[PDB]
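First comes the structure, then the notes that go with it.
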Amino acid sequence: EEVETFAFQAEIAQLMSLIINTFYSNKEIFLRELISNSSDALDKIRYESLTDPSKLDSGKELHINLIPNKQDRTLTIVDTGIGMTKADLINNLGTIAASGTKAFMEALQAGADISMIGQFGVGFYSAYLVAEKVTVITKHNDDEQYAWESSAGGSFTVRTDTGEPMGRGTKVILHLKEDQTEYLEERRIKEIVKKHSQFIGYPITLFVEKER
Ligand SMILES: CCNC(=O)c1nnn(-c2cc(C(C)C)c(O)cc2O)c1-c1ccc(CNCC2CCCCC2)cc1
Numbered sequence: 015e016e017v018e019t020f021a022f023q024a025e026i027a028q029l030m031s032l033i034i035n036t037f038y039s040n041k042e043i044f045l046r047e048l049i050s051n052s053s054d055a056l057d058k059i060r061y062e063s064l065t066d067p068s069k070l071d072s073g074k075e076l077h078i079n080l081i082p083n084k085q086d087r088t089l090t091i092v093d094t095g096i097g098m099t100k101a102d103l104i105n106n107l108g109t110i111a112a113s114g115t116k117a118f119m120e121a122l123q124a125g126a127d128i129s130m131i132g133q134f135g136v137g138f139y140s141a142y143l144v145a146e147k148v149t150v151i152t153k154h155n156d157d158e159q160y161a162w163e164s165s166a167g168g169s170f171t172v173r174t175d176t177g178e179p180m181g182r183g184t185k186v187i188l189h190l191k192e193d194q195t196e197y198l199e200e201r202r203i204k205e206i207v208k209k210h211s212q213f214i215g216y217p218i219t220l221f222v223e224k225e226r
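Note that the deposited numbering has the sequence shown beginning at 15, numbered continuously upward.
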């Protein structure tokens, strides 16, 4: 064992349905949101590194990398943001998902734009437009490396990660649905980034696969 299982609060099934009923026609939006979250965590590490530059001992470069993988049908997004404790992980993907689902629904119900999804703390869930399963590996300076995983049903799991150590930051791996392998194409990824994340204040690098 050492795997812990968590039940989503009921708002999550509502979230998933809202997301389909708001972004199904524009699925590419998930990349904007993930990049955006990466940007946020980058902002936090930059910020605390000003008061204490030892915060950057775990890695100085502040960036975002995008790693398609046609062979695995995965798209992974890596950042060296501040990363998450176990409690941040559970808090952001669980507690705040559910309270932010409610706030977002109330905001749309009063005519706010859907493009607001990010600001209600549930942008990440848009990932399930394109992915049957998502894994979030994260590592923050005051804590171990954790893996979070969910197919967005009723539960999510947390375990201590024993995989390749990142030094600090967050990795989201998307296991793409059969019908969404367009998100593994170099051309497509470049477009989406160009369109949605042009003004992100941190280098976003696409890692190309070779022919072999
Ligand atoms: C305790 C401090 N740690 C972090 O905050 C952190 N560290 N890594 N990430 C992070 C999280 C995700 C998602 C899986 C939630 C991500 O895709 C990339 C990340 O760097 C985060 C992270 C956590 C939450 C968010 C969401 N912020 C939304 C918020 C809404 C209101 C306006 C300001 C921004 C974005 C990034």
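No residue lacks a Cβ here, since even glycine has one placed at the ideal position from N, Cα and C.
With a threshold of 7 Å, establish whether the CB of residue i neighbours any heavy atom of ligand 1.
i: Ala121; result: no
i: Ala55; result: yes
i: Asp93; result: yes
i: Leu76; result: no
i: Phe44; result: no
Please check the pair residue i and residue j, which I expect to be a contact at CB under 8 Å, by giving their CB distance rounded to whole angstroms.
i: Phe170; j: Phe20; result: 5 Å
i: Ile49; j: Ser211; result: 5 Å
Does the Cβ-Cβ distance between residue i and residue j come in under 8 Å?
i: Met119; j: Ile151; result: no
i: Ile214; j: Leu45; result: no
i: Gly177; j: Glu47; result: no
i: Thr174; j: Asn79; result: no
i: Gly114; j: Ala55; result: no
i: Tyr142; j: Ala166; result: yes
i: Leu29; j: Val136; result: yes
Can you tell me which of the three DSSP states residue i falls into?
i: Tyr139; result: helix
i: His77; result: coil
i: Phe37; result: helix
i: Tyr160; result: strand
Three or more C-beta pairs closer than 8 Å, one from the segment 169-187 and one from the segment 90-98: is that the case here?
yes
Three or more beta-carbon pairs under 8 Å between the segment 139-149 and the segment 187-201, yes or no?
yes
So, does the segment 71-80 touch the segment 101-108, judging by three or more C-beta pairs under 8 Å?
no
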